[PDB]
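# Results of the structural survey
If you want the building blocks of each chain, they are given just below.
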Amino acid sequence: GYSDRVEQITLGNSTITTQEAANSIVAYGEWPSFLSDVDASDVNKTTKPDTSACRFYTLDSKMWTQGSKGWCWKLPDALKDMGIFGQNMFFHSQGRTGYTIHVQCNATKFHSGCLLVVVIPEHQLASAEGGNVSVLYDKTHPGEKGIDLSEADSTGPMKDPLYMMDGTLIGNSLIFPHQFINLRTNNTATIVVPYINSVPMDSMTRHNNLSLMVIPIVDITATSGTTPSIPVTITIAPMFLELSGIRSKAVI
Amino acid sequence: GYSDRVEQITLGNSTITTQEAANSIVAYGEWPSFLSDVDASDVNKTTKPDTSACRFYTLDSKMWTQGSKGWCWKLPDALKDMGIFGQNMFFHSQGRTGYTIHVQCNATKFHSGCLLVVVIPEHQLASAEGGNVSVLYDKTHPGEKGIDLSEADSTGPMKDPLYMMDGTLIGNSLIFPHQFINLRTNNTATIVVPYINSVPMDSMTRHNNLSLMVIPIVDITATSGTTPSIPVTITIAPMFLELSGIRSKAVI
Amino acid sequence: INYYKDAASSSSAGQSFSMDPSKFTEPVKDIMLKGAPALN
Amino acid sequence: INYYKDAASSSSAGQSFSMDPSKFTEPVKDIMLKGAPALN
Amino acid sequence: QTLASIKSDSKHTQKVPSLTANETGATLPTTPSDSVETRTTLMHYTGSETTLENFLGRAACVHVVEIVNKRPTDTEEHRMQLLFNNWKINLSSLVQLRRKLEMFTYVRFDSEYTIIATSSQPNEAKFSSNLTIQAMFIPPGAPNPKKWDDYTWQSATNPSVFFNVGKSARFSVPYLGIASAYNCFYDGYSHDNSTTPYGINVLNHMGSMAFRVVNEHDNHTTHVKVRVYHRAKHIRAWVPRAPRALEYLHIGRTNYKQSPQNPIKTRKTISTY
Amino acid sequence: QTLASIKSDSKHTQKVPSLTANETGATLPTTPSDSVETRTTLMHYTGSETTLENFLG
Amino acid sequence: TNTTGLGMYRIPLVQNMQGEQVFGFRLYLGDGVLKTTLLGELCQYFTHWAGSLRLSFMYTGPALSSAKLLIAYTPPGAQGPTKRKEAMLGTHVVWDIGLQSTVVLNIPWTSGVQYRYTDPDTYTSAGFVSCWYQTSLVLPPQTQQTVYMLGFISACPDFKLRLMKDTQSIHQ
Ligand SMILES: Nc1nc(-c2ccccc2)nc2[nH]nc(Nc3ccc(C(F)(F)F)cc3)c12
């Protein structure tokens with residue numbers, strides 16, 4: 001019986017195996033793919049790193065405890081320091097990616113709680129100072145360390161998850177590709193996202209595509225014992241990496 | 001009239017144009033190519049960086065003056081710090097390359113002199129100390145800076161070009177793919193070299209393939225004036241780069 | 001009748017199209033059926 | 001539809017034409033070919 | 001005709017359409033007939049009224065400028081005297097429109113403009129005058145007018161329109177975006193730098209529209225307000241998103257107040273009707 | 001539809017489109033594909049906007 | 001500064017210099033060195049620019065002289081280049097001085113945005129153009145001279161312009 005709860009993902013030279021998972025999501029119903037001749041405008045033979053880049057990378061885990069506000073990662077920024085992908089990002093003048101985003105969170109039958117995992121394109125952030133203040137580059141491109149909504153700042157973006165980070169309400173964030181992790185049912189969530197942009201290819205350093213939000217909706221509790229602490233781990237891979245134009249390594 | 005003296009090489013996103021050149025050499029009569037299924041033994045989908053790596057790289061020029069002994073570069077070592085190629089070299093457990101090696105040296109009709117450009121596979125070097133002494137890693141892997149045979153050392157390889165660097169005589173080095181640069185006739189030499197090894201693929205860090213020797217046979221002179229100084233520039237590109245196995249960046 | 005040969009000048013012509021909510025309501029790899037377990 | 005019978009009154013009608021840059025870029029008696037020596 | 005519901009009688013099956021898992025992120029297309037007994041009935045509706053084209057393709061005020069007709073004063077820049085006025089093109093100035101466009105991430109359309117002018121004479125006037133108003137496009141790289149009547153206004157290459165107060169201008173402008181669609185949001189910067197503007201403003205190089213009274217002074221000062229309306233046509237949009245709940249502060253920016261009012265009406269008890 | 005560029009791979013030929021002489025007064029119609037590797041792509045442009053008629057009319 | 005006259009169209013090359021920069025500029029079709037060229041003048045009548053540019057250089061020194069030059073294009077997002085080692089990582093050509101006196105470098109369209117502005121605008125910067133001494137300038141023995149190159153620019157067949165506007169070349 002090929003239960004829908006059990007999946008294996010093989011990508012490049014890495015695999016993910018799950019036993020308690022919900023059906024994976026293909027954002028907007030479109031599987032990731034390469035740029036067509038019709039869409040293309042950049043007159044350069046492209047580079048396709050293939051399986052040297054299109055493999056799973058794992059980001060440092062974070063602890064989910066009572067009082068946690070949630071976390072935010074930017075793509076492709078989060079992977080800028082990882083593997084050949086991270087290096088290619090600074091040599092190629094432009095490129096395009098799709099992603100497989102996998103969020104993990106283990107628990108027992110005695111635990112309760114719920115994470116909301118959402119992928120938001122072009123998630124332009126509000127500044128902590130409001131007014132005419134823009135969020136500085138340094139605070140929108142943290143790499144592997146995501147934006148911890150639990151941390152105080154005055155120069156960073158606003159951190160209150162009710163309003164996401166842009167003035168919309170979290171209740172309506174479900175319009176975006178999303179999946180929930182209920183500790184009682186599933187320990188993983190998987191979202192596959194095609195390249196989404198107004199242009200064929202774009203900078204991979206001055207602009208983010210996708211903003212991965214992981215926001216707890218229901219705090220972690222347990223039937224008994226002290227406040228629980230459950231790690232949350234995020235694993236991300238490029239799908240159809242396609243790059244163009246060679247330059248000296250970009251300096252940020 | 002498509003004169004044999006004029007050539008254009010286009011490779012990746014870079015070009016070389018020459019007006020005074022000898023016919024290029026294809027070492028051993030075999031054009032570089034990808035590993036076949038029959039030859040392959042490594043069970044991994046390979047990576048083909050294509051034109052992101054297979055482009056021309058230029059190494060720092062060196063001055064050729066009276067008294068110069070010649071210079072030696074190792075491949076792929078010379079390119080270890082250049083572009084995405086250099087980065088890929090430390091992430092991939094094994095690989096294979098072919099090369100296009102181009103040596104340039106300008107002069108006028110009033111100059112005399114002759115360089116011998118030779119590509120020698122597996123050029124195992126003799127140590128300056130002789131006896132049981134091995135040449136240390138640090139002195140066989142100098143990167144862009146080649147081994148200047150004009151420089152003194154006591155820990156490096158022997159530097160006397162008469163015996164190359166291994167006890168054979170230079171007179172017989174012409175058995176290897178080679179080309180001469182006579183300042184009176186041509187200012188360039190071009191050699192294309194296929195992957196040559198006992199194995200399908202190999203380490204690109206613990207082992208060199210090809211050793212590029214540029215040794216003056218006839219000193220630079222001029223019909224009149226003071227001792228001339230002519231720069232010698234070397235440009236090298238991978239042909240059919242093929243890589244396999246992903247690991248954390250190697251540390252040397 | 002169009003009176004201008006510059007297409008932007010055209011009035012807001014168009015047809016109604018069948019809706020396709022599946023892009024937003026059922027973006028899943030494995031097809032779910034009504035009445036079937038969501039969690040197999 | 002033209003409403004006036006005096007041709008100057010006609011609107012700016014016309015077709016697009018294939019470009020012919022050779023008049024300004026290759027005005028040479030002896031045809032030059034890409035890849036061939038310019039100076040034979 | 002499309003049916004709204006089909007006759008359905010009591011069921012006692014192992015098939016359970018009322019029970020699912022939102023965990024999957026999917027919303028299954030269930031019907032009333034999957035819960036209760038139903039009767040066959042038609043929709044009598046095509047949904048044409050809710051097409052994207054109707055939602056966005058209605059005129060809306062975008063911007064209002066004030067220009068005056070007065071004897072020029074030599075001690076002040078003509079722009080400061082309001083002898084002419086420059087409107088940097090955007091659709092984000094007035095929230096009633098911005099809010100709708102904000103509901104999509106990428107939007108593509110042609111534009112239709114309507115420009116309406118009204119005069120006023122809040123002074124000891126002897127008579128009223130119907131002024132002629134000029135509106136001119138000034139795309140990036142084009143010269144910006146400095147004096148109320150310098151050479152710039154010749155409009156040799158810049159599209160422009162003349163109309164009278166009490167009358168209106170109308171024209172179409174084709175999609176002018178560089179990309180395949182206009183971005184409503186931009187999670188990035190103009191370039192790789194620590195200090196640089198963030199957000200959609202960096203993509204807004206639409207240029208400016210300049211307004212002028214083309215008449216000479218006429219003894220008294222006449223104030224003219226010019227209202228510009230915009231309507232989108234042939235509209236396409238991609239990637240829908242949640243609407244903004246909090247008040248807007250500035251153009252382009254998504255900033256909000258330091259201590260925003262929670263835009264959810266409250267009640268005494270979870271069970272209060 | 002008119003192509004902007006056609007796929008072109010690395011070359012090693014005696015034909016040299018990148019080398020010429022402006023002395024002749026001619027500008028040869030060379031392309032990006034004569035210098036670097038390229039990928040096939042369409043123009044999606046007719047040039048109608050740049051016709052003399054629009055420039056002056 | 002201090003180049004009044006036709007000297008502005010002459011790029012000097014000097015003897016015994018190696019690895020140094022010959023010239024470089026920021027690639028604008030608006031207010032850069034290309035401002036007054038025909039592409040400059042035509043582009044100043046349009047807002048949007050797309051497609052490939054062609055640069056060409058012609059050597060005017062002694063028939064007995066020689067040099068190799070590196071001409072390179074650095075895509076958007078990069079800085080400088082300040083060293084040849086950086087320039088060589090972009091799109092480049094190595095130019096051998098000989099019978100054929102002119103080199104043509106077609107600068108490919110590398111933008112991730114379908115159109116770029118003719119006016120300077122950070123978001124659509126076209127990057128940089130530079131030239132370095134691949135070897136060095138060599139003149140006959142016992143001579144010492146400065147030789148010059150002439151730079152040229154034209155559009156590639158794949159060149160697009162949209163949305164007309166007035167120029168900033170008129171002052172009354
Ligand atoms: N100017 C823009 N450019 C881009 C963009 C540029 C490059 C790549 C991708 C997107 N996105 C935009 N989103 N909103 C923009 N502002 C806007 C658009 C139209 C109009 C009006 F009214 F003219 F239609 C007025 C203001 C805008």
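Residues numbered from 1 in each chain as written, not as in the entry; some residues may be left out. Chains lettered and ligands numbered in written order. Part of a larger assembly, values for the part shown. Heavy atoms only, no water.

Next up on the list: the overall build of chain E. Along its length, chain E carries two helices and 11 strands. Listed by position from the N terminus, the elements making up chain E come as β-β-α-β-β-α-β-β-β-β-β-β-β. Its C-alpha atoms give chain E a radius of gyration of 27 Å, clearly above 19 Å, the size a compact globule of 273 residues would have. For the C-alpha atoms alone, the extent of chain E along its principal axes is close to 90 × 50 × 45 Å. For chain E, the proportion of its 273 residues judged to be buried stands at 44%. Counting only contacts in chain E whose residues sit at least 6 apart along the sequence, the fraction spanning at least 24 positions is 78%. (Helix = DSSP H or I, 4+ residues; strand = E, 2+ residues; numbered from the N terminus. Rg over C-alpha atoms; globule rule 2.2 N^0.38 Å. Buried < 20%, exposed > 50% of the residue type's maximum accessible area, 1.4 Å probe, protein only. Contact = heavy atoms within 4.5 Å.)

What follows deals with the interface of chain E and chain C. How big an interface is tends to be reported as the loss of accessible area on association of its parts. Between chain E and chain C, the contact holds 24 residues from the first and 16 residues from the second. Counting each side, the surface lost to burial between chain E and chain C is near 1,600 Å², with a carbon and sulfur contribution of 59%. If you sort the residues of chain E by the area they bury against chain C, E:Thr24, E:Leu28 and E:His234 come out on top, with a joint share of 25%. The residue E:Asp34 makes a salt bridge to C:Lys34 at a minimum N-O spacing of 3.7 Å. It is strand 11 (residues 222–240) of chain E that provides the largest number of residues to the side of chain E that touches chain C, a total of four residues. Here the residues of the side of chain E that touches chain C are counted per class, giving eight nonpolar, nine polar and seven charged. (Buried area = accessible area lost by both parts, 1.4 Å probe. Salt bridge = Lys/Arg side-chain N within 4 Å of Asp/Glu carboxyl O. Nonpolar A, V, L, I, M, F, W, Y, C, P; charged D, E, K, R; others polar.)

Here we take up the packing of aromatic side chains. In total, this model carries 17 aromatic pairs over all chains according to the counting rule given. Centre to centre, the rings of A:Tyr163 and E:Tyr256 are 5.7 Å apart; their planes meet at 55°, and the pair counts as tilted. Here the residue A:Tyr163 occupies a position in the loop between strand 9 (147–148) and strand 10 (178–182), and E:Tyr256 occupies one in the segment after strand 11, the pair thus bridging two chains. Centre to centre, the rings of E:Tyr189 and E:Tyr198 are 5.0 Å apart; their planes meet at 35°, and the pair counts as tilted. Relative accessible area serves as the criterion here: at 0%, E:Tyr189 is assigned to the buried category. For E:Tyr198, a relative accessible area of 5% translates into the label buried. (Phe/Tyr/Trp six-rings, centres within 6.5 Å; stacked < 30°, edge-to-face > 60°.)

Residue position: G:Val138 is located in the loop between strand 8 (128–133) and strand 9 (147–164). Judged by its relative accessible area of 8%, G:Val138 falls in the buried class. C-alpha of G:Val138 to C-alpha of G:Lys68: the two residues are 70 residues apart in sequence and 9.7 Å apart in space. In this view, G:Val138 contacts B:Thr108, B:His111, G:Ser65 and G:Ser66; residues no more than four positions away in its chain are not counted.

So, about the site of the ligand. E:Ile89, E:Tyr113, E:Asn183, E:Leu203 and E:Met206 are the nearest of the 14 residues found near the ligand. Taken together, the residues near the ligand originate from chains A and E. In the environment of the ligand, a nitrogen atom lies 2.3 Å from a nitrogen or oxygen atom belonging to the backbone of E:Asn183. The separation between a nitrogen atom of the ligand and a polar main-chain atom of E:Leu203 is 3.0 Å. Secondary-structure elements contributing two or more residues to the shell around the ligand are strand 5 (104–120) and strand 9 (182–183) of chain E. When grouped by side-chain class, the residues that make up the shell around the ligand number nine nonpolar, five polar and no charged. (Near = heavy atom within 4 Å. Polar contact = N/O pair within 3.5 Å; in protein donor to acceptor, adjacent residues only side chain to side chain.)

No statement about biological role is implied by the geometric values presented.
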